Structure formats: structure tokens, C-alpha cells
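All of the numbers you see were taken from the coordinates with simple rules; none came from a lab. Cβ coordinates were reconstructed from backbone atoms using ideal geometry, including for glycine residues, and neighbour counts include every protein chain displayed.
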């Protein structure tokens, strides 16, 4: 079985390091300047069939806010895919949820923002 170069994708493209993949190979796809590449940064042609291909969407999360348990490690007026914001529970409060989230590739803060509780 063989795996020719992968076809284009969601407004994105593919450019690994060859033009005749076969099996167990991978291709780091590319997204238009502005679209985030979601997935395992590399398609996976296994058995002559490309699989688990990444996406080319816009990863612009809202804001990693929370009940006083805001973050104090890396928070910018704007973020996108990654940018893990650590949540500093305001005062001796506990963060019910996750004290460390990140601007995922779906425009959000995963895991679910934390909750500063007592």
C-alpha cells in the first residue's frame, strides 16, 4: 500500500518532507496565516489511508476569568491555542476545578476554569 501526498484541508495545506508517504507516516499540515492547526501537528497515513488530521480553525479564547481565583502566571488581553493561565485562588481559597487552564484551539479555557472557594 502507498500514501501519496495528503490533500489540502480546511483552508489549510500539507507540507511534510516527501511526496510518497506509505504507512505510519505523518504530515504537519498548515493553516492560512491566522488559523490555528489543531490536532497532533502531523497527519498519520497508516495502511495507505491518511487519518487523524489536524484542523485549521481560529483559536481565540474569551478570557480565563473565575470566582476571584483569577490567574497570575500568563494572562494577556488576548490569547489563542495554548497560553496556559495558572489560576491564583484569591486569598486562602481553593480552586474548585483546575488551577491551570490554557487558551485551547476552540476559543476557550480548558480545562474548565477553576473556582476559588473556601
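GNM on the chain, alpha-carbon springs under 10 angstrom: the most fluctuating residue among 58, 38, 66 is 66. By the beta-carbon count within 10 Å of each Cβ, the least crowded to most crowded order of 93, 21, fewest first, is 93, 21. Computed extension gain for residue 52 through residue 10, at 0.36 nm per residue and net of the alpha carbon distance, reaches 13.8 nm. Placing dummy labels 7 Å off each Cα toward the beta-carbon, the span from residue 76 to residue 63 is 1.7 nm.
In percent, how large is the relative contact order of the chain, given Cα pairs closer than 8 Å and 6 or more residues apart?
20 percent
Residue exposure proxy: 79, 70, 91, ordered by other Cβ atoms within 10 angstrom of their Cβ from fewest to most, comes out as 91, 70, 79.
The label point for residue 19 and the one for residue 96, both projected 7 Å from the Cα toward the Cβ, are 6.0 nm apart.
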